[PDB]
């Protein structure tokens, strides 16, 4: 049985710009027992029927995780626009996997969480950018932040206790499935 508890029930989660990857391998994955957490505000899948997940096998499964805002969870999906999906975490158009999200104001309100506002270009799918070099609007990067037109590219989220649910922290975990010409490492109950 796959260690889904250690991903979803983890005490700490990454900033979306510094999203973490965990590898699920050599285990049986009953996704329907993962569902039963009614805390899930979001549970959508792409390229696979969620009923049919119990009978599929994959060569490699990854579990990426991050903290974004309620009104940004919609951006964690294929072929989407936004500051998160273009500078923090991008998904391929042919994405095969699932996106799960839940409200985490209980654990992440008053938490040091960041996202990337400025970038020279959009992320390639599954790219990660941990750079903290100053961004020059019209200027060259690496300029002095005290000067004008020069900003730090990473901004804190500010998950105050009075904001609307659209602004509160939500923890997202993205399971991505792939099966190539390689042996299987993850299988459902029906196809063990």
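Positions refer to the first chain, counted from 1.
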query: 13 to 21 set against 175 to 183, stretch whose average Cα temperature factor tops the other in the entry; finding: 175 to 183
query: Stretch exceeding the other in mean C-alpha B-factor - 81 to 89, 104 to 112; finding: 104 to 112
query: Selection from 146, 65, 131, 41 [criterion: highest C-alpha temperature factor in the record]; finding: 146
query: Out of 161, 127, 60, 137, highest CA B-factor residue; finding: 161
query: Cα B factor band for residue 123 (lowest, middle or highest third within the chain); finding: lowest
